[PDB]
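The form deposited in one PDB entry is given below as one chain in structure tokens.
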């Protein structure tokens, strides 16, 4: 039969699931990061290949992959030529695209992915579209990173006495394990360009907001609305009144509420994601080769 493998090549790991063309599961596999910016081009390719081989228990006939790190034509040019060696037929898209297909099952739609970074991905039946998702410095509005940065800056002002200290102050310090301005400054000397670390602070903001801290509540509001406006823009551009929401930021009740209130006022319906990215990659492959998605899901 035809062995089809869906792959989610991420920043920390690569996960793959193999199915035949009749919706039957074959196996699954995992390997290191598939994002070449993190482990180099060759290592990234090898990891994707490893995951695919484990899942397929040998060679695969078709491989659909959602890859993180392809944020510029230059990335695609560097990656595509080698990724194509993985199998006789390989379909390559952004990691956000398979996350979208996991929910739309290959049909048009828009998905908001708000985790460490943020992005709004869309598909209109022919072209794939995107807004945001270009990194922590240039973009990523309302991501965990964006939230943590705002929190850090607010805490500094409290330390300066410009504003009174709120629950947020200790929550943040607890997260990065610093007890005062002196340790915070020292912390910035070696951690300022530590993306994951800054992003981890979003959890402290959520905790503070739940406990009644309006300063924390306001940060979530601003981030959520900034990202939600982008979601509305793409949804309107694609022609759908429903968007899917995915990512760690949505684990925050207050963040999710501000986000949905914004969408609702704009006439947009939303649904939290319920399928895995890799399944969306298998769907990406099914669409390309002609296997019935109905037998799969």
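Residue numbers count along the first chain shown, from 1.
Although it is not shown, the form deposited in another entry is what the next lines describe.
When one rigid part swings against the other between this form and the one not shown, the hinge lies at 272 among 229, 195, 272, 239. Pairwise change in the other form: residue 10 and residue 249 C-alpha atoms lie closer than in the shown form, at least 3 Å. The gap between the Cα atoms of residue 11 and residue 247 is smaller in the other form, by no less than 3 Å, than in this form.
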